[PDB]
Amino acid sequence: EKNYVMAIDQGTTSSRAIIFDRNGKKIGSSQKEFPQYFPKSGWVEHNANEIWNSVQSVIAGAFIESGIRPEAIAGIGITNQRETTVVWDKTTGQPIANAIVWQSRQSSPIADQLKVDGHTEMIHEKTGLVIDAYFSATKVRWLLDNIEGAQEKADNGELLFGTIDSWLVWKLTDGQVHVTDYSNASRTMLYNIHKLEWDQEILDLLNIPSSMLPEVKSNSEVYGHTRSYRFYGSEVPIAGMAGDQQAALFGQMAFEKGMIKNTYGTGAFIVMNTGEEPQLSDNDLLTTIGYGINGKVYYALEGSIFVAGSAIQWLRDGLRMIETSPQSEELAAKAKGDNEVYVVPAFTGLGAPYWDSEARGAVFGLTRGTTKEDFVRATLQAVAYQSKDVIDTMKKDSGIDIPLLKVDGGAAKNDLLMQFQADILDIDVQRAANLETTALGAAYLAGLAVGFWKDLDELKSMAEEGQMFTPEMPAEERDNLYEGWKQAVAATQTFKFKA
């Protein structure tokens, strides 16, 4: 088996599977959505079993659409939505409850307490992260706290913990392998990214038994093989794992220190390669592991913009102002205003570089002359503004001048938005040839593990330069646009009603 590699990308609202040849071309792909659950305001959950089914469906779909046999797959790469947490019974394999998604805030009481108990610096020094409900640590605690006899069962070695990648590999191997990779582990807030080990102090602190934790490994090595009856008779090698944003960094071939990217999906995530040394200030940002390969660990600086695509999804199902997501492209392209309406989509608090979990969504500059087209254009522009907030924060934290910026993700399909993005940044923006650089990065990792590709230089030559965007906006126009934004965000932060 060795002519194609398969990549699985389990996302926030959908799953996808793509089969690639030794040249990096999509021979076929499938994509399927799965249910989102909002039990209380701010709470966001997923049914781990429904995610597994969305995954079985897209793996099948890609085989069908491509017409190739499973016994022809050299290896499988897995990339997933990070932080999302699942806890399940190792004997029945059944989740003890719904999975808590990275977007959820249901574990805020727990994260707030950790700050009050003064663990902020300790956590950051060990994990490179900031205490918040966003990471896995507090989600496991929430589950052990609110599920009948779960903590007691946990103390007995019956319950397992895992991010989506561990959940998937566990399923693919029918309970034989319980593993995860450096990047996913570093996003848990329970993993020391310097010593490269689960941190006992933080585990004791949260009363989480270490018997729940999976083995941590590199992003490119054979973790195991699919159970024959779990992959159509064939035992295919699972050889690549990485959080979707890290997988995207790799897929953009940003291997050199300093190279930076931005992926536009449910959220926007700006990631920069910092090399084998996280040696620099990371004030107002996160320090995580980009990837571990060839016996080495590469670090990264990241800025999280939680609401990007999910805002357009909001204009569709919330305000019902838009009919379909792609229609926002056309509506914003008909705005006759002068850009003074600002939308700050902090539905679940402001992300990097603000990290203000109290703030909520807000809109400024409204006048009777403001149309639906203006409101929609302002919603789309928000992700472009916060991206600059992050990039400019990154330049300060490293000095590293940024002359270029690679971008990818579905929301990058918008030519106008990409031009706006480059105009306010005042730097070049290069869009990937094919938007799915995440599934591509997962495939590279698996490929290198099974020798599908000789090494990094071979992937480089396999590049494919894509659409380039250049600044063309007057210096006075972007200065004002951004200044207005800064004031809108400042205004949004002054509103902290607490009933």
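Numbers for residues come from their place in the sequence shown, where the first is 1.
The records show that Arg377 is included in the coordinate set of every other eligible entry of this protein, so it is not omitted in a third of them. Compared with other deposited structures of the same protein, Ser304 does not meet the criterion of being unmodelled in at least one third, since all of those that resolve residues on both sides include it. Per-stretch averaging of Cα B factors for 278-286 and 234-242 places 278-286 on top. Here the stretch with the larger average CA B-factor, out of 120-128 and 317-325, is 317-325. Looking only at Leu445, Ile59, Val44, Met473, the residue with the top Cα B factor in the deposited structure is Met473. As recorded in the PDB entry, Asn414 shows the highest C-alpha B-factor of the residues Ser107, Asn414, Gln103, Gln81. Compared with the other modelled residues of the chain, the Cα B-factor recorded for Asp455 ranks in the highest third.
In the PDB entry, a CA B factor belonging to the middle third of its chain's modelled residues is recorded for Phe63. Split the chain's modelled residues into thirds by C-alpha temperature factor. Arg16 is in the lowest one. When the modelled residues of the chain are ordered by C-alpha B-factor, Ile147 sits in the highest third. Split the chain's modelled residues into thirds by C-alpha temperature factor. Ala490 is in the middle one.
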